[PDB]
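Participant: Got a structure for you, written out below as structure tokens; questions coming shortly.
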Amino acid sequence: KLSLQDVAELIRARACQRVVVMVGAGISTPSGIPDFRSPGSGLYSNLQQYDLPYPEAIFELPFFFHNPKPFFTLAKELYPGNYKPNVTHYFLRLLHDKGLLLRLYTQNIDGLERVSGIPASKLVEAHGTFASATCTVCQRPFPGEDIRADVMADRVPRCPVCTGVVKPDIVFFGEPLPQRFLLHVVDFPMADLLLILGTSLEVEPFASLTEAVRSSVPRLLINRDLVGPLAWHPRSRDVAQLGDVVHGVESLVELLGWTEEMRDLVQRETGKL
Ligand SMILES: NC(=O)c1ccc[n+]([C@@H]2C[C@H](COP(=O)(O)OP(=O)(O)OC[C@H]3O[C@@H](n4cnc5c(N)ncnc54)[C@H](O)[C@@H]3O)[C@@H](O)[C@H]2O)c1
Ligand SMILES: O=C(Nc1ccccc1-c1cn2c(CN3CCNCC3)csc2n1)c1cnc2ccccc2n1
Ligand SMILES: [Zn+2]
């Protein structure tokens, strides 16, 4: 069986160079991103005023059209520039500057990856972005700030053409994933180390994508617990690092060498925040 020390070594030795990364909800825990399933949080109570068939309706269309506000209360809350990224994101970015990040796939819609300084050439925001939008009728792309003005002031924006409701480019149920997800196919075979952090591997196709990388590719899970297929039938080259995702990450960071360089980077980056 492998271990953190082991994986560390392969990254240093330069025998891992082609690192694909899967993040979900847990990387953007330490940054503050409140869950609307968990009570006791601005967002939770705010979304209770609106009566809601069931939590998912927030990301269903037919409902959205019957009443957006629930979705928008959330948009307002996550709109760029109210949540810093944390150390988990800033490693991923360091991973990048070291020439190692093949691609980073995320089920998160906080865009904390971008704001951490990862170029979007490297990201695949599989559940969408807030940085754009689209009249639900008369069809036009709109940049993100174009509507922000309203979003912060609680109003539900319209196209200056349709007057149809402009909707941020969060993927809703019933729709298929961003086109961008077509790398699904090249990235995974091209990967020589898969890195799974802060995800429960529960939503599709992330469950599936973990079994994509080749047979002999190690999967370093860093999570509160062991999940998905890494649990339900693991591979010899899997190595789990259970625990807080940060005391996971900063552990690795040392094993490799970069405790220093990490701090340096977090300095430049939160002097600009
Ligand atoms: N920040 C966000 O954008 C955000 C927030 C909440 C939910 N989501 C959605 C929820 C889901 C994302 O991934 P998903 O697999 O579903 O997340 P999940 O919320 O269902 O699971 C999170 C996983 O991480 C583990 N975990 C959570 N926090 C930590 C932590 N702080 N340290 C170590 N381990 C932790 C937890 O056990 C679980 O296995 C998608 O539907 C997202 O769109 C996104
Ligand atoms: O309860 C939360 N998350 C989910 C839990 C279970 C199942 C689905 C989603 C869930 C689904 N979903 C979609 C839609 N899906 C896209 C992919 N296939 C089609 C459907 C876009 S974002 C999102 N989360 C949840 C989600 N986002 C949050 C964001 C900020 C704060 C708290 C949040 N809590
Ligand atoms: Zn329009």
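Residue numbering restarts at 1 in every chain; chains get A, B, ... in the order shown in the structure tokens, and ligands count up from 1 in that same order.
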Counting only C-alpha atoms and all ligand atoms, what residues are within 6 Å of ligand 2, given as a PyMOL selection string?
Facilitator: chain A and resi 34-37+59+127+171-173
Participant: Show me which residues sit within 6 Å of ligand 3 when counting only C-alpha atoms and all ligand atoms, and put them as a compact mmCIF listing (two decimals) with N, CA, C and O atoms, in the first residue's frame.
Facilitator:
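Full text of pocket37.txt as output:
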```
# COMPACT_ATOMS: atom_id res chain seq x y z
N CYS A 135 -29.88 35.71 -20.85
CA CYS A 135 -31.35 35.93 -20.84
C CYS A 135 -31.97 34.62 -21.13
O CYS A 135 -31.58 33.93 -22.06
N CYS A 138 -34.23 35.60 -24.97
CA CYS A 138 -33.66 36.37 -26.08
C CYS A 138 -32.11 36.18 -26.08
O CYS A 138 -31.37 36.94 -26.67
N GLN A 139 -31.67 35.19 -25.30
CA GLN A 139 -30.46 34.37 -25.49
C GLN A 139 -29.02 34.87 -25.23
O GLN A 139 -28.09 34.08 -25.21
N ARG A 140 -28.85 36.16 -24.99
CA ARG A 140 -27.54 36.77 -25.03
C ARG A 140 -26.66 36.41 -23.87
O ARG A 140 -27.15 36.33 -22.78
N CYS A 159 -32.84 41.21 -19.59
CA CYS A 159 -32.05 41.62 -20.82
C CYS A 159 -32.52 42.98 -21.25
O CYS A 159 -33.72 43.26 -21.19
N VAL A 161 -33.38 43.78 -23.91
CA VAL A 161 -33.93 43.43 -25.21
C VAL A 161 -35.25 42.64 -25.02
O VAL A 161 -36.32 43.15 -25.33
N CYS A 162 -35.16 41.40 -24.53
CA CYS A 162 -36.29 40.58 -24.05
C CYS A 162 -37.01 41.15 -22.83
O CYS A 162 -38.19 40.88 -22.62
N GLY A 164 -36.20 39.64 -20.43
CA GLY A 164 -36.35 38.29 -19.91
C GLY A 164 -35.32 38.12 -18.83
O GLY A 164 -34.27 38.77 -18.86
```
Participant: Select the residues contacting ligand 1 at a distance of at most 6 Å, based on only C-alpha atoms and all ligand atoms, then format the selection as a list in words.
Facilitator: residues 24, 25, 26, 28, 29, 33, 35, 107, 108, 109, 110, 198, 199, 200, 201, 202, 203, 223, 224, 225, 243, 244 and 245 of chain A
Participant: Could you dump the residues just selected with N, CA, C and O atoms as a PDB file, in the first residue's frame?
Facilitator:
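In the end it all went to selection21.pdb:
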```
ATOM      1  N   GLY A  24     -14.441  19.419  -4.506  1.00  0.00           N
ATOM      2  CA  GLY A  24     -15.822  19.764  -4.250  1.00  0.00           C
ATOM      3  C   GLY A  24     -15.928  20.655  -3.021  1.00  0.00           C
ATOM      4  O   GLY A  24     -15.039  21.476  -2.732  1.00  0.00           O
ATOM      5  N   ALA A  25     -17.010  20.443  -2.276  1.00  0.00           N
ATOM      6  CA  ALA A  25     -17.474  21.401  -1.271  1.00  0.00           C
ATOM      7  C   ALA A  25     -16.507  21.690  -0.138  1.00  0.00           C
ATOM      8  O   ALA A  25     -16.509  22.788   0.455  1.00  0.00           O
ATOM      9  N   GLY A  26     -15.702  20.687   0.166  1.00  0.00           N
ATOM     10  CA  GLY A  26     -14.801  20.747   1.273  1.00  0.00           C
ATOM     11  C   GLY A  26     -13.582  21.619   1.119  1.00  0.00           C
ATOM     12  O   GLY A  26     -12.972  21.977   2.097  1.00  0.00           O
ATOM     13  N   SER A  28     -13.676  24.613  -0.067  1.00  0.00           N
ATOM     14  CA  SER A  28     -14.228  25.919   0.224  1.00  0.00           C
ATOM     15  C   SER A  28     -15.085  25.854   1.470  1.00  0.00           C
ATOM     16  O   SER A  28     -16.024  26.612   1.605  1.00  0.00           O
ATOM     17  N   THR A  29     -14.753  24.962   2.397  1.00  0.00           N
ATOM     18  CA  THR A  29     -15.232  25.101   3.762  1.00  0.00           C
ATOM     19  C   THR A  29     -14.439  26.185   4.464  1.00  0.00           C
ATOM     20  O   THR A  29     -15.012  27.207   4.807  1.00  0.00           O
ATOM     21  N   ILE A  33     -17.808  29.297   3.096  1.00  0.00           N
ATOM     22  CA  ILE A  33     -18.937  29.147   2.180  1.00  0.00           C
ATOM     23  C   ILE A  33     -20.045  28.353   2.842  1.00  0.00           C
ATOM     24  O   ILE A  33     -19.988  27.134   2.896  1.00  0.00           O
ATOM     25  N   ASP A  35     -23.373  26.428   3.858  1.00  0.00           N
ATOM     26  CA  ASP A  35     -24.257  25.439   3.245  1.00  0.00           C
ATOM     27  C   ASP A  35     -25.678  25.756   3.638  1.00  0.00           C
ATOM     28  O   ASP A  35     -25.946  26.037   4.810  1.00  0.00           O
ATOM     29  N   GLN A 107     -16.787  20.873  -8.807  1.00  0.00           N
ATOM     30  CA  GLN A 107     -18.221  20.888  -8.626  1.00  0.00           C
ATOM     31  C   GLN A 107     -18.602  22.093  -7.801  1.00  0.00           C
ATOM     32  O   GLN A 107     -19.772  22.407  -7.674  1.00  0.00           O
ATOM     33  N   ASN A 108     -17.627  22.791  -7.248  1.00  0.00           N
ATOM     34  CA  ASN A 108     -17.919  24.059  -6.582  1.00  0.00           C
ATOM     35  C   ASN A 108     -18.385  25.182  -7.523  1.00  0.00           C
ATOM     36  O   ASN A 108     -17.784  25.372  -8.602  1.00  0.00           O
ATOM     37  N   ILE A 109     -19.385  25.965  -7.102  1.00  0.00           N
ATOM     38  CA  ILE A 109     -19.723  27.229  -7.791  1.00  0.00           C
ATOM     39  C   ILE A 109     -19.338  28.509  -7.065  1.00  0.00           C
ATOM     40  O   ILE A 109     -20.067  29.468  -7.118  1.00  0.00           O
ATOM     41  N   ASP A 110     -18.176  28.543  -6.423  1.00  0.00           N
ATOM     42  CA  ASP A 110     -17.735  29.739  -5.695  1.00  0.00           C
ATOM     43  C   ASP A 110     -16.672  30.505  -6.431  1.00  0.00           C
ATOM     44  O   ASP A 110     -16.422  31.660  -6.130  1.00  0.00           O
ATOM     45  N   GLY A 198     -11.846  17.281  -0.780  1.00  0.00           N
ATOM     46  CA  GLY A 198     -13.047  17.958  -0.331  1.00  0.00           C
ATOM     47  C   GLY A 198     -14.289  17.603  -1.117  1.00  0.00           C
ATOM     48  O   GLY A 198     -15.192  18.433  -1.280  1.00  0.00           O
ATOM     49  N   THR A 199     -14.348  16.373  -1.597  1.00  0.00           N
ATOM     50  CA  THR A 199     -15.482  15.939  -2.387  1.00  0.00           C
ATOM     51  C   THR A 199     -15.972  14.640  -1.789  1.00  0.00           C
ATOM     52  O   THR A 199     -15.207  13.888  -1.217  1.00  0.00           O
ATOM     53  N   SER A 200     -17.269  14.402  -1.886  1.00  0.00           N
ATOM     54  CA  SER A 200     -17.879  13.192  -1.366  1.00  0.00           C
ATOM     55  C   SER A 200     -18.084  12.242  -2.515  1.00  0.00           C
ATOM     56  O   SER A 200     -18.740  11.224  -2.356  1.00  0.00           O
ATOM     57  N   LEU A 201     -17.550  12.607  -3.680  1.00  0.00           N
ATOM     58  CA  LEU A 201     -17.697  11.842  -4.903  1.00  0.00           C
ATOM     59  C   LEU A 201     -19.130  11.384  -5.147  1.00  0.00           C
ATOM     60  O   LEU A 201     -19.376  10.336  -5.719  1.00  0.00           O
ATOM     61  N   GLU A 202     -20.088  12.199  -4.749  1.00  0.00           N
ATOM     62  CA  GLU A 202     -21.448  11.711  -4.695  1.00  0.00           C
ATOM     63  C   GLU A 202     -22.233  12.080  -5.902  1.00  0.00           C
ATOM     64  O   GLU A 202     -23.088  11.325  -6.331  1.00  0.00           O
ATOM     65  N   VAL A 203     -21.957  13.267  -6.424  1.00  0.00           N
ATOM     66  CA  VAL A 203     -22.662  13.757  -7.601  1.00  0.00           C
ATOM     67  C   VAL A 203     -21.960  13.322  -8.905  1.00  0.00           C
ATOM     68  O   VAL A 203     -20.714  13.177  -8.973  1.00  0.00           O
ATOM     69  N   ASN A 223      -9.535  14.093   2.532  1.00  0.00           N
ATOM     70  CA  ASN A 223     -10.948  14.303   2.869  1.00  0.00           C
ATOM     71  C   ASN A 223     -11.253  13.993   4.362  1.00  0.00           C
ATOM     72  O   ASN A 223     -10.439  13.412   5.072  1.00  0.00           O
ATOM     73  N   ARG A 224     -12.421  14.394   4.850  1.00  0.00           N
ATOM     74  CA  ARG A 224     -12.821  14.034   6.210  1.00  0.00           C
ATOM     75  C   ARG A 224     -12.931  12.556   6.322  1.00  0.00           C
ATOM     76  O   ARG A 224     -12.767  12.010   7.391  1.00  0.00           O
ATOM     77  N   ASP A 225     -13.298  11.918   5.231  1.00  0.00           N
ATOM     78  CA  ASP A 225     -13.421  10.488   5.232  1.00  0.00           C
ATOM     79  C   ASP A 225     -13.237   9.863   3.827  1.00  0.00           C
ATOM     80  O   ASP A 225     -13.015  10.553   2.815  1.00  0.00           O
ATOM     81  N   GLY A 243      -8.923  13.526   7.429  1.00  0.00           N
ATOM     82  CA  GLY A 243      -8.800  14.632   8.355  1.00  0.00           C
ATOM     83  C   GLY A 243      -9.157  15.935   7.682  1.00  0.00           C
ATOM     84  O   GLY A 243      -9.552  15.959   6.539  1.00  0.00           O
ATOM     85  N   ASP A 244      -9.019  17.016   8.434  1.00  0.00           N
ATOM     86  CA  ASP A 244      -9.330  18.323   7.959  1.00  0.00           C
ATOM     87  C   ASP A 244      -8.510  18.487   6.765  1.00  0.00           C
ATOM     88  O   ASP A 244      -7.345  18.082   6.719  1.00  0.00           O
ATOM     89  N   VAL A 245      -9.129  19.129   5.794  1.00  0.00           N
ATOM     90  CA  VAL A 245      -8.562  19.232   4.486  1.00  0.00           C
ATOM     91  C   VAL A 245      -7.368  20.127   4.519  1.00  0.00           C
ATOM     92  O   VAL A 245      -6.554  20.064   3.629  1.00  0.00           O
TER      93      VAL A 245
END
```
Participant: What are the DSSP helix (DSSP H, G or I) residues of segment 15-255 of chain A, as a ChimeraX atom specification?
Facilitator: /A:42-49,55-59,61-66,69-78,87-97,112-115,145-152,179-190,206-209,228-232,245-255
Participant: To one decimal place in Å, what is the distance between atom CA of residue 128 of chain A and atom CA of residue 222 of chain A?
Facilitator: 23.5 Å
Participant: If you run DSSP on the backbone, which residues of segment 77-207 of chain A are strand (DSSP E or B), as a CSV table (one decimal) with C-alpha atoms, in the first residue's frame?
Facilitator:
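See out.csv below for the written result:
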```csv
chain,number,residue,atom,x,y,z
A,101,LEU,CA,-1.4,21.0,-12.8
A,102,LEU,CA,-2.9,19.3,-15.9
A,103,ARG,CA,-6.4,20.4,-15.0
A,104,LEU,CA,-8.5,21.1,-12.0
A,105,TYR,CA,-12.2,20.0,-12.2
A,106,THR,CA,-14.6,21.5,-9.7
A,123,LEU,CA,-10.2,25.0,-14.7
A,124,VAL,CA,-13.3,23.1,-15.6
A,125,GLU,CA,-16.1,24.5,-13.5
A,128,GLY,CA,-20.9,26.5,-13.7
A,129,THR,CA,-19.7,29.9,-13.0
A,130,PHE,CA,-21.2,33.1,-11.7
A,131,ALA,CA,-18.9,35.2,-13.9
A,132,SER,CA,-21.4,35.1,-16.8
A,133,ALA,CA,-25.1,35.0,-17.4
A,134,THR,CA,-27.8,34.5,-20.1
A,135,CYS,CA,-31.3,35.9,-20.8
A,141,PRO,CA,-24.3,36.2,-23.1
A,142,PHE,CA,-23.7,38.8,-20.3
A,143,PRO,CA,-20.6,39.2,-18.3
A,158,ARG,CA,-33.6,41.5,-17.2
A,165,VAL,CA,-34.8,37.1,-16.7
A,166,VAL,CA,-31.0,37.0,-17.0
A,167,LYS,CA,-29.7,33.8,-15.3
A,168,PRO,CA,-26.1,33.2,-14.1
A,169,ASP,CA,-24.4,30.3,-15.7
A,170,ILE,CA,-24.9,27.9,-12.9
A,193,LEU,CA,-1.6,11.4,-10.5
A,194,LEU,CA,-5.2,12.1,-9.5
A,195,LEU,CA,-5.8,14.3,-6.5
A,196,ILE,CA,-9.2,14.2,-4.9
A,197,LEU,CA,-9.9,16.8,-2.2
```
Participant: When you count only C-alpha atoms, which of these residues is closest to residue 6 of chain A: A:273, A:240, A:61, A:209?
Facilitator: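 Of all the options, A:240 lies closest to residue 6 of chain A.
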Participant: Looking at A:87, A:8, A:252, A:126, which one is nearest to residue 175 of chain A, with distances taken over only C-alpha atoms?
Facilitator: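 Selected residue with least distance to residue 175 of chain A: A:126.
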Participant: So that each row is one residue of segment 138-202 of chain A with an atom at most 10 Å from segment 67-79 of chain A, can you give its shortest atom pair and the distance in Å to one decimal, using only C-alpha atoms, rows by chain and rising number, as a Markdown table?
Facilitator:
```
| residue | atom | partner | partner_atom | distance |
| --- | --- | --- | --- | --- |
| A:144 | CA | A:79 | CA | 8.8 |
| A:145 | CA | A:79 | CA | 9.4 |
| A:148 | CA | A:79 | CA | 7.6 |
| A:150 | CA | A:76 | CA | 9.3 |
| A:151 | CA | A:76 | CA | 5.6 |
| A:152 | CA | A:76 | CA | 5.7 |
| A:153 | CA | A:76 | CA | 8.7 |
| A:154 | CA | A:73 | CA | 7.7 |
| A:155 | CA | A:69 | CA | 8.6 |
| A:156 | CA | A:69 | CA | 7.4 |
| A:157 | CA | A:72 | CA | 9.9 |
| A:165 | CA | A:68 | CA | 8.9 |
| A:167 | CA | A:72 | CA | 9.1 |
| A:168 | CA | A:75 | CA | 8.1 |
| A:170 | CA | A:75 | CA | 9.5 |
```
Participant: By how many Å are atom CA of residue 11 of chain A and atom CA of residue 246 of chain A apart?
Facilitator: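 If I compute the distance from atom CA of residue 11 of chain A to atom CA of residue 246 of chain A, I get 19.1 Å.
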Participant: For residue 80 of chain A, which residue among A:111, A:178, A:119, A:205 is the nearest when counting only C-alpha atoms?
Facilitator: A:111
